[PDB]
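coords28.pdb (PDB, C-alpha atoms)
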ATOM      1  CA  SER Z 458     167.862  53.989  65.882  1.00  0.00           C
ATOM      2  CA  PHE Z 459     169.912  50.816  65.474  1.00  0.00           C
ATOM      3  CA  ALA Z 460     173.596  51.321  66.263  1.00  0.00           C
ATOM      4  CA  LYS Z 461     176.158  48.789  65.051  1.00  0.00           C
ATOM      5  CA  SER Z 462     178.360  49.438  68.076  1.00  0.00           C
ATOM      6  CA  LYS Z 463     175.460  49.274  70.536  1.00  0.00           C
ATOM      7  CA  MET Z 464     174.523  45.773  69.429  1.00  0.00           C
ATOM      8  CA  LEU Z 465     178.171  44.706  69.374  1.00  0.00           C
ATOM      9  CA  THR Z 466     178.334  45.283  73.126  1.00  0.00           C
ATOM     10  CA  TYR Z 467     175.570  42.708  73.689  1.00  0.00           C
ATOM     11  CA  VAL Z 468     177.006  40.162  71.260  1.00  0.00           C
ATOM     12  CA  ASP Z 469     180.282  40.766  73.107  1.00  0.00           C
ATOM     13  CA  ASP Z 470     178.554  39.923  76.410  1.00  0.00           C
ATOM     14  CA  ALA Z 471     177.197  36.563  75.178  1.00  0.00           C
ATOM     15  CA  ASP Z 472     179.749  34.311  76.884  1.00  0.00           C
ATOM     16  CA  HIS Z 473     182.963  34.939  78.810  1.00  0.00           C
ATOM     17  CA  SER Z 474     185.283  34.974  75.789  1.00  0.00           C
ATOM     18  CA  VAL Z 475     183.937  35.985  72.424  1.00  0.00           C
ATOM     19  CA  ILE Z 476     187.039  38.229  72.040  1.00  0.00           C
ATOM     20  CA  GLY Z 477     184.838  40.745  70.232  1.00  0.00           C
ATOM     21  CA  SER Z 478     183.003  40.662  66.906  1.00  0.00           C
ATOM     22  CA  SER Z 479     182.316  42.653  63.750  1.00  0.00           C
ATOM     23  CA  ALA Z 480     179.462  42.910  61.269  1.00  0.00           C
ATOM     24  CA  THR Z 481     178.311  44.602  58.080  1.00  0.00           C
ATOM     25  CA  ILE Z 482     174.716  45.805  57.805  1.00  0.00           C
ATOM     26  CA  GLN Z 483     172.375  45.615  54.824  1.00  0.00           C
ATOM     27  CA  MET Z 484     169.313  47.856  54.980  1.00  0.00           C
ATOM     28  CA  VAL Z 485     166.331  46.082  53.422  1.00  0.00           C
ATOM     29  CA  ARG Z 486     162.697  47.180  53.203  1.00  0.00           C
ATOM     30  CA  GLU Z 487     160.506  44.511  51.646  1.00  0.00           C
ATOM     31  CA  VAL Z 488     157.650  46.099  49.700  1.00  0.00           C
ATOM     32  CA  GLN Z 489     154.566  44.276  48.497  1.00  0.00           C
ATOM     33  CA  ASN Z 490     153.195  45.205  45.065  1.00  0.00           C
ATOM     34  CA  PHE Z 491     156.315  45.477  42.936  1.00  0.00           C
ATOM     35  CA  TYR Z 492     156.107  46.758  39.338  1.00  0.00           C
ATOM     36  CA  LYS Z 493     154.836  50.168  40.484  1.00  0.00           C
ATOM     37  CA  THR Z 494     155.939  51.667  43.859  1.00  0.00           C
ATOM     38  CA  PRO Z 495     153.452  54.025  45.551  1.00  0.00           C
ATOM     39  CA  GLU Z 496     154.205  57.020  43.285  1.00  0.00           C
ATOM     40  CA  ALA Z 497     156.303  58.267  46.184  1.00  0.00           C
ATOM     41  CA  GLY Z 498     157.915  55.896  48.639  1.00  0.00           C
ATOM     42  CA  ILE Z 499     160.269  53.098  49.537  1.00  0.00           C
ATOM     43  CA  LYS Z 500     161.998  55.808  51.561  1.00  0.00           C
ATOM     44  CA  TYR Z 501     164.604  54.435  53.951  1.00  0.00           C
ATOM     45  CA  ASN Z 502     166.703  57.160  55.509  1.00  0.00           C
ATOM     46  CA  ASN Z 503     170.442  57.275  56.163  1.00  0.00           C
ATOM     47  CA  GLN Z 504     171.493  57.662  52.544  1.00  0.00           C
ATOM     48  CA  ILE Z 505     172.867  54.458  51.059  1.00  0.00           C
ATOM     49  CA  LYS Z 506     176.045  54.144  49.008  1.00  0.00           C
ATOM     50  CA  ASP Z 507     176.235  54.181  45.211  1.00  0.00           C
ATOM     51  CA  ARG Z 508     174.714  51.241  43.289  1.00  0.00           C
TER
ATOM     52  CA  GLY J 739     131.658  63.536  68.579  1.00  0.00           C
ATOM     53  CA  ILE J 740     131.474  59.786  68.157  1.00  0.00           C
ATOM     54  CA  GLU J 741     128.709  58.214  66.117  1.00  0.00           C
ATOM     55  CA  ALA J 742     125.741  57.158  68.270  1.00  0.00           C
ATOM     56  CA  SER J 743     126.225  60.380  70.221  1.00  0.00           C
ATOM     57  CA  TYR J 744     124.020  62.126  67.672  1.00  0.00           C
ATOM     58  CA  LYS J 745     121.450  59.413  68.303  1.00  0.00           C
ATOM     59  CA  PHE J 746     121.746  60.352  71.965  1.00  0.00           C
ATOM     60  CA  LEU J 747     121.629  64.073  71.234  1.00  0.00           C
ATOM     61  CA  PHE J 748     118.386  64.287  69.284  1.00  0.00           C
ATOM     62  CA  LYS J 749     116.671  62.220  71.939  1.00  0.00           C
ATOM     63  CA  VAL J 750     117.635  64.647  74.677  1.00  0.00           C
ATOM     64  CA  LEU J 751     117.273  68.040  73.070  1.00  0.00           C
ATOM     65  CA  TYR J 752     116.285  68.629  69.448  1.00  0.00           C
ATOM     66  CA  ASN J 753     112.804  67.124  69.247  1.00  0.00           C
ATOM     67  CA  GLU J 754     112.603  63.550  70.529  1.00  0.00           C
ATOM     68  CA  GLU J 755     113.302  62.143  67.081  1.00  0.00           C
ATOM     69  CA  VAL J 756     115.754  59.502  65.871  1.00  0.00           C
ATOM     70  CA  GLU J 757     118.728  60.280  63.636  1.00  0.00           C
ATOM     71  CA  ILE J 758     120.774  58.472  60.985  1.00  0.00           C
ATOM     72  CA  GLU J 759     123.933  59.869  59.395  1.00  0.00           C
ATOM     73  CA  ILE J 760     126.404  58.597  56.808  1.00  0.00           C
ATOM     74  CA  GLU J 761     129.763  60.115  55.820  1.00  0.00           C
ATOM     75  CA  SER J 762     132.691  58.132  54.587  1.00  0.00           C
ATOM     76  CA  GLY J 763     132.816  56.718  58.065  1.00  0.00           C
ATOM     77  CA  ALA J 764     133.020  53.580  60.106  1.00  0.00           C
ATOM     78  CA  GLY J 765     130.783  50.758  58.981  1.00  0.00           C
ATOM     79  CA  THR J 766     130.659  47.181  57.842  1.00  0.00           C
ATOM     80  CA  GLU J 767     133.329  45.957  55.446  1.00  0.00           C
ATOM     81  CA  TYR J 768     133.179  43.861  52.292  1.00  0.00           C
ATOM     82  CA  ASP J 769     135.739  41.804  50.390  1.00  0.00           C
ATOM     83  CA  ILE J 770     136.640  42.584  46.775  1.00  0.00           C
ATOM     84  CA  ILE J 771     139.569  41.284  44.743  1.00  0.00           C
ATOM     85  CA  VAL J 772     140.998  43.384  41.911  1.00  0.00           C
ATOM     86  CA  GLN J 773     143.760  42.710  39.387  1.00  0.00           C
ATOM     87  CA  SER J 774     146.048  45.414  38.055  1.00  0.00           C
ATOM     88  CA  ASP J 775     149.575  46.623  38.043  1.00  0.00           C
ATOM     89  CA  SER J 776     150.021  50.170  39.362  1.00  0.00           C
ATOM     90  CA  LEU J 777     147.972  49.281  42.472  1.00  0.00           C
ATOM     91  CA  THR J 778     150.952  50.176  44.652  1.00  0.00           C
ATOM     92  CA  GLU J 779     149.698  50.910  48.125  1.00  0.00           C
ATOM     93  CA  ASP J 780     148.583  54.207  49.766  1.00  0.00           C
ATOM     94  CA  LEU J 781     145.403  53.887  47.739  1.00  0.00           C
ATOM     95  CA  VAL J 782     143.876  53.035  51.119  1.00  0.00           C
ATOM     96  CA  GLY J 783     141.723  56.029  51.972  1.00  0.00           C
ATOM     97  CA  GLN J 784     141.002  57.007  48.379  1.00  0.00           C
ATOM     98  CA  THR J 785     137.617  56.783  46.657  1.00  0.00           C
ATOM     99  CA  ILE J 786     137.346  54.018  44.091  1.00  0.00           C
ATOM    100  CA  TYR J 787     134.616  54.306  41.494  1.00  0.00           C
ATOM    101  CA  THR J 788     133.535  52.163  38.583  1.00  0.00           C
ATOM    102  CA  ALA J 789     130.909  52.866  35.960  1.00  0.00           C
ATOM    103  CA  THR J 790     128.278  51.349  38.245  1.00  0.00           C
ATOM    104  CA  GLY J 791     129.402  52.294  41.738  1.00  0.00           C
ATOM    105  CA  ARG J 792     131.567  54.228  44.166  1.00  0.00           C
ATOM    106  CA  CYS J 793     133.384  53.313  47.381  1.00  0.00           C
ATOM    107  CA  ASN J 794     136.389  53.586  49.746  1.00  0.00           C
ATOM    108  CA  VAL J 795     139.284  51.304  50.647  1.00  0.00           C
ATOM    109  CA  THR J 796     140.146  50.159  54.175  1.00  0.00           C
ATOM    110  CA  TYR J 797     142.803  47.470  53.723  1.00  0.00           C
ATOM    111  CA  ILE J 798     144.973  46.590  50.735  1.00  0.00           C
ATOM    112  CA  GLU J 799     146.181  43.061  51.588  1.00  0.00           C
ATOM    113  CA  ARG J 800     147.438  41.023  48.636  1.00  0.00           C
ATOM    114  CA  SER J 801     146.001  37.708  47.477  1.00  0.00           C
ATOM    115  CA  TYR J 802     147.886  34.881  45.764  1.00  0.00           C
ATOM    116  CA  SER J 803     147.065  33.500  42.331  1.00  0.00           C
ATOM    117  CA  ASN J 804     149.260  33.008  39.288  1.00  0.00           C
ATOM    118  CA  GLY J 805     149.022  35.563  36.503  1.00  0.00           C
ATOM    119  CA  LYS J 806     148.626  39.341  36.619  1.00  0.00           C
ATOM    120  CA  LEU J 807     148.542  40.563  40.222  1.00  0.00           C
ATOM    121  CA  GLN J 808     145.486  40.158  42.445  1.00  0.00           C
ATOM    122  CA  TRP J 809     144.862  42.111  45.637  1.00  0.00           C
ATOM    123  CA  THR J 810     141.924  41.590  47.963  1.00  0.00           C
ATOM    124  CA  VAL J 811     140.860  45.082  49.006  1.00  0.00           C
ATOM    125  CA  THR J 812     138.737  45.617  52.096  1.00  0.00           C
ATOM    126  CA  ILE J 813     135.965  47.998  51.112  1.00  0.00           C
ATOM    127  CA  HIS J 814     133.409  49.789  53.256  1.00  0.00           C
ATOM    128  CA  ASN J 815     130.520  52.217  52.954  1.00  0.00           C
ATOM    129  CA  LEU J 816     129.856  51.010  49.419  1.00  0.00           C
ATOM    130  CA  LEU J 817     127.091  52.435  47.287  1.00  0.00           C
ATOM    131  CA  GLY J 818     126.341  51.783  43.625  1.00  0.00           C
ATOM    132  CA  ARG J 819     127.025  48.057  43.150  1.00  0.00           C
ATOM    133  CA  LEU J 820     130.393  47.563  41.464  1.00  0.00           C
ATOM    134  CA  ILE J 821     130.337  44.483  39.231  1.00  0.00           C
ATOM    135  CA  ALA J 822     132.838  42.205  37.511  1.00  0.00           C
ATOM    136  CA  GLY J 823     134.581  43.460  34.391  1.00  0.00           C
ATOM    137  CA  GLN J 824     134.471  47.107  35.453  1.00  0.00           C
ATOM    138  CA  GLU J 825     137.524  49.274  34.853  1.00  0.00           C
ATOM    139  CA  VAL J 826     137.737  50.603  38.454  1.00  0.00           C
ATOM    140  CA  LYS J 827     139.681  53.872  38.293  1.00  0.00           C
ATOM    141  CA  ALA J 828     140.584  55.675  41.502  1.00  0.00           C
ATOM    142  CA  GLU J 829     139.659  59.313  42.017  1.00  0.00           C
ATOM    143  CA  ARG J 830     143.229  60.542  42.488  1.00  0.00           C
ATOM    144  CA  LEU J 831     146.840  59.402  41.899  1.00  0.00           C
ATOM    145  CA  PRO J 832     144.984  58.523  38.822  1.00  0.00           C
ATOM    146  CA  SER J 833     147.359  55.925  37.420  1.00  0.00           C
ATOM    147  CA  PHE J 834     145.223  53.098  38.868  1.00  0.00           C
ATOM    148  CA  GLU J 835     143.716  51.450  35.800  1.00  0.00           C
ATOM    149  CA  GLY J 836     142.537  47.983  36.730  1.00  0.00           C
TER
ATOM    150  CA  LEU Q 611     155.468  44.335  30.319  1.00  0.00           C
ATOM    151  CA  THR Q 612     152.261  43.014  31.848  1.00  0.00           C
ATOM    152  CA  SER Q 613     152.267  41.163  35.154  1.00  0.00           C
ATOM    153  CA  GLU Q 614     151.813  37.374  35.488  1.00  0.00           C
ATOM    154  CA  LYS Q 615     154.868  37.154  33.235  1.00  0.00           C
ATOM    155  CA  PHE Q 616     156.910  37.252  36.473  1.00  0.00           C
ATOM    156  CA  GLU Q 617     156.686  35.138  39.635  1.00  0.00           C
ATOM    157  CA  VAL Q 618     158.153  37.323  42.372  1.00  0.00           C
ATOM    158  CA  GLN Q 619     157.212  35.975  45.811  1.00  0.00           C
ATOM    159  CA  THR Q 620     157.437  39.417  47.385  1.00  0.00           C
ATOM    160  CA  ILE Q 621     160.715  41.392  47.114  1.00  0.00           C
ATOM    161  CA  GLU Q 622     163.594  42.571  49.329  1.00  0.00           C
ATOM    162  CA  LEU Q 623     165.686  45.517  48.037  1.00  0.00           C
ATOM    163  CA  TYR Q 624     168.895  45.170  50.048  1.00  0.00           C
ATOM    164  CA  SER Q 625     171.007  48.295  50.470  1.00  0.00           C
ATOM    165  CA  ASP Q 626     174.254  49.343  52.140  1.00  0.00           C
ATOM    166  CA  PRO Q 627     174.111  52.544  54.223  1.00  0.00           C
ATOM    167  CA  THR Q 628     176.904  55.090  54.374  1.00  0.00           C
ATOM    168  CA  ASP Q 629     176.377  55.573  58.123  1.00  0.00           C
ATOM    169  CA  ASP Q 630     176.124  52.843  60.748  1.00  0.00           C
ATOM    170  CA  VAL Q 631     173.655  54.657  63.024  1.00  0.00           C
ATOM    171  CA  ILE Q 632     170.775  54.089  60.525  1.00  0.00           C
ATOM    172  CA  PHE Q 633     167.924  56.092  62.073  1.00  0.00           C
ATOM    173  CA  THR Q 634     164.200  55.646  61.460  1.00  0.00           C
ATOM    174  CA  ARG Q 635     161.523  58.283  60.933  1.00  0.00           C
ATOM    175  CA  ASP Q 636     157.837  58.731  60.067  1.00  0.00           C
ATOM    176  CA  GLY Q 637     156.162  55.339  60.146  1.00  0.00           C
ATOM    177  CA  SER Q 638     158.888  52.691  60.421  1.00  0.00           C
ATOM    178  CA  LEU Q 639     160.457  50.077  62.709  1.00  0.00           C
ATOM    179  CA  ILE Q 640     163.553  47.881  63.026  1.00  0.00           C
ATOM    180  CA  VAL Q 641     162.017  44.493  63.972  1.00  0.00           C
ATOM    181  CA  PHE Q 642     164.768  41.903  64.125  1.00  0.00           C
ATOM    182  CA  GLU Q 643     162.774  38.857  65.336  1.00  0.00           C
ATOM    183  CA  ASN Q 644     164.730  36.292  63.322  1.00  0.00           C
ATOM    184  CA  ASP Q 645     162.272  33.444  63.928  1.00  0.00           C
ATOM    185  CA  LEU Q 646     160.017  34.482  61.044  1.00  0.00           C
ATOM    186  CA  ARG Q 647     162.885  35.594  58.747  1.00  0.00           C
ATOM    187  CA  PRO Q 648     166.125  33.660  59.311  1.00  0.00           C
ATOM    188  CA  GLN Q 649     167.643  35.001  56.088  1.00  0.00           C
ATOM    189  CA  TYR Q 650     169.334  37.891  57.952  1.00  0.00           C
ATOM    190  CA  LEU Q 651     171.688  36.208  60.403  1.00  0.00           C
ATOM    191  CA  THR Q 652     174.205  33.929  58.958  1.00  0.00           C
ATOM    192  CA  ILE Q 653     176.166  34.946  62.012  1.00  0.00           C
ATOM    193  CA  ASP Q 654     179.455  33.092  61.631  1.00  0.00           C
ATOM    194  CA  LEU Q 655     181.859  31.661  64.191  1.00  0.00           C
ATOM    195  CA  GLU Q 656     185.629  32.007  63.701  1.00  0.00           C
ATOM    196  CA  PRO Q 657     187.345  29.586  66.097  1.00  0.00           C
ATOM    197  CA  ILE Q 658     190.852  30.434  67.292  1.00  0.00           C
ATOM    198  CA  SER Q 659     193.252  29.226  69.967  1.00  0.00           C
ATOM    199  CA  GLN Q 660     196.546  30.257  71.548  1.00  0.00           C
TER
END

Reformat the file's structure so that it appears as structure tokens.
Amino acid sequence: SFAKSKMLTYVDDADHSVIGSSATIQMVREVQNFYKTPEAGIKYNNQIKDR
Amino acid sequence: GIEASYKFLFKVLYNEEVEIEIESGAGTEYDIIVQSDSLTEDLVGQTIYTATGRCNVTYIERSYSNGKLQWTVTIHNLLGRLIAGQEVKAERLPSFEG
Amino acid sequence: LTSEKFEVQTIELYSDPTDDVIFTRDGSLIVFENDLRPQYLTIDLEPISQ
């Protein structure tokens, strides 16, 4: 699993003073063969928000 | 259990004779490019048949040419000589027309 | 609508999760490796002083 706060401790450790950081994450699964989808699929967990 | 163990078995015990066996197995692969919509993946593993011939699908990688959509499917264990212009419907998920 | 009427290099499908832990199951990965896809960072510096 990818944790936002667990990466933000490494980006915080880059150089002496970064005085912390924030981010917003977009989940993206690129899928070849558009126009169809595999009759079941493009399933990325961790239910996304509306629209 | 692996192929070529049979060939070792029948030497040792049942007669001395050679053996040859074919399932939808491992084997040489061929290149075939097909154009359709609806070809969305997971067809790998299915059995494609045309009017002329029948076959299975190892690898679904897409090709690039303008117009329609054209995938180059890696095919193995082919029998029956599929030829250009065939309508190539898959056995299941039927929805494959191409 | 038939194909070839589009262009469509591949696709993306961006999405915004409700949770920030964003697990993975079945077949999947995470795969940052920006070198092949530097459309994801856009990391931004905000200089300050005091």

- Task: Find the residues around residue 638 of chain Q up to 10 Å (all atoms listed in the file counted), leave out those fewer than 5 positions away in its own chain, and share them as a ChimeraX atom specification.
- Result: /Z:486,500-501 /Q:633

- Tell me, in Å to one decimal, how far atom CA of residue 800 of chain J is from atom CA of residue 770 of chain J. 11.1 Å

- Message: List the spatial neighbours of residue 650 of chain Q as a PyMOL selection string - criterion: any atom at most 12 Å away, all atoms listed in the file, same-chain residues fewer than 2 positions off excluded.
- Response: (chain Z and resi 480-485) or (chain Q and resi 622+624+641-648+652-654)

Please, which residues in chain Q fall within 12 Å of chain J when counting only C-alpha atoms, and what is the closest atom pair and distance in Å to one decimal for each, ordered by chain then residue number, as a tab-separated table?
residue	atom	partner	partner_atom	distance
Q:611	CA	J:775	CA	10.0
Q:612	CA	J:806	CA	7.0
Q:613	CA	J:806	CA	4.3
Q:614	CA	J:805	CA	3.5
Q:615	CA	J:805	CA	6.9
Q:616	CA	J:805	CA	8.1
Q:617	CA	J:804	CA	7.7
Q:618	CA	J:804	CA	10.4
Q:619	CA	J:802	CA	9.4
Q:620	CA	J:800	CA	10.2

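Considering the residues Z:505, Z:460, Z:497, Z:465 and counting only C-alpha atoms, residue 478 of chain Z has its shortest atom-to-atom contact with Z:465.
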
- Task: Between atom CA of residue 461 of chain Z and atom CA of residue 629 of chain Q, measure the distance and give it in Å to one decimal.
- Result: 9.7 Å

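Selected on chain Q by distance to chain Z: residues 620, 621, 622, 623, 624, 625, 626, 627, 628, 630, 631, 632, 633 and 634 of chain Q (within 6 Å, counting all atoms listed in the file).
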
- Query: Just so the selection is clear, what residues does the PyMOL selection byres ((chain Z) within 6 of (chain J)) cover here, as number ranges by chain?
  - Reply: Z: 490, 493-495

- Message: What's the separation between atom CA of residue 791 of chain J and atom CA of residue 821 of chain J, in Å to one decimal place?
- Response: 8.3 Å

- Task: Output the residue selection produced by the PyMOL selection byres ((chain J and resi 788) around 7) on the file above, formatted as a VMD selection string.
- Result: chain J and resid 786 to 787 789 to 792 820 824 to 827
